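> please find the sequence and an experimentally derived structure below.
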Amino acid sequence: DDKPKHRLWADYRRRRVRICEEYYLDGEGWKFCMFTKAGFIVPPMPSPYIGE
Amino acid sequence: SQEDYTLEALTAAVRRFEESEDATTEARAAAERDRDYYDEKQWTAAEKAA
């Protein structure tokens, strides 16, 4: 969860969001996703980082 | 127009300052207590009176 717990203000427009960046080893190779609890930000694609 | 944007910016800045001030109240109090302890002020008013 977010840190720290500060009371929300009606006149305050600052909003905090949480993203999840996950790298998972699929049957063909490593895949990288950027998502939330509502929908995808970056759709599942092969990892853009080249290994050894 | 410009007046509304200026008012919104001022409100945002004031809200940022208030968030910073309130979110660190306990930490500021603890730091002030540590500074007082370093500054020979180690007795509370109630204990000193007692």
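Alright, I've got the coordinates. Residues are numbered from 1 along each chain as shown, chains lettered A, B, ... in the order given.
> which stretches of chain A form strands?
Ranges of strands in chain A, per DSSP state E, are A:20-25, A:30-35, A:40-46.
> what sits up against the second one?
Surrounding strand A:30-35, the residues in contact under the criterion C-beta atoms under 8 Å, 6 or more residues apart in numbering or on different chains are A:19-25, A:40-48. C-beta coordinates here come from the backbone N, C-alpha and C atoms, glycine included.
> same question for the last one.
If you take C-beta under 8 Å, 6+ apart as the criterion, strand A:40-46 is touched by A:19, A:29-35.
> can I get the residues you listed in JSON lines with neighbour count?
Listed next are the contacts of strand A:40-46 as JSON lines, based on neighbours: other C-beta atoms under 10 Å in any protein chain shown:
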{"residue": "A:19", "neighbour count": "9"}
{"residue": "A:29", "neighbour count": "9"}
{"residue": "A:30", "neighbour count": "12"}
{"residue": "A:31", "neighbour count": "15"}
{"residue": "A:32", "neighbour count": "16"}
{"residue": "A:33", "neighbour count": "16"}
{"residue": "A:34", "neighbour count": "14"}
{"residue": "A:35", "neighbour count": "15"}
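> can you give me the end-to-end distance of stretch A:11-21?
Chord length of stretch A:11-21, first to last residue, is 31 Å (C-alpha to C-alpha, to the nearest Å).
> near chain B at all, that stretch?
Yes - Stretch A:11-21 reaches chain B (C-beta under 8 Å from any C-beta of the partner chain) through A:11-14.
> got the buried residues for that stretch?
residue A:12 (16 or more other C-beta atoms under 10 Å in any protein chain shown).
> mind checking how far that stretch is from the chain centre?
The chain centroid and the centroid of stretch A:11-21 are separated by 12 Å under C-alpha atoms, centre = their mean, to the nearest Å.
> out of the contacts of strand A:40-46, flag the one nearest to residue B:26.
Sorting the contacts of strand A:40-46 by distance to residue B:26 puts residue A:19 at the head of the list, at 29.3 Å, by C-beta to C-beta.
> nearest to residue B:50 among the strands of chain A would be which one?
Short answer: strand A:20-25, nearest of these by C-beta to C-beta, at 55.3 Å.
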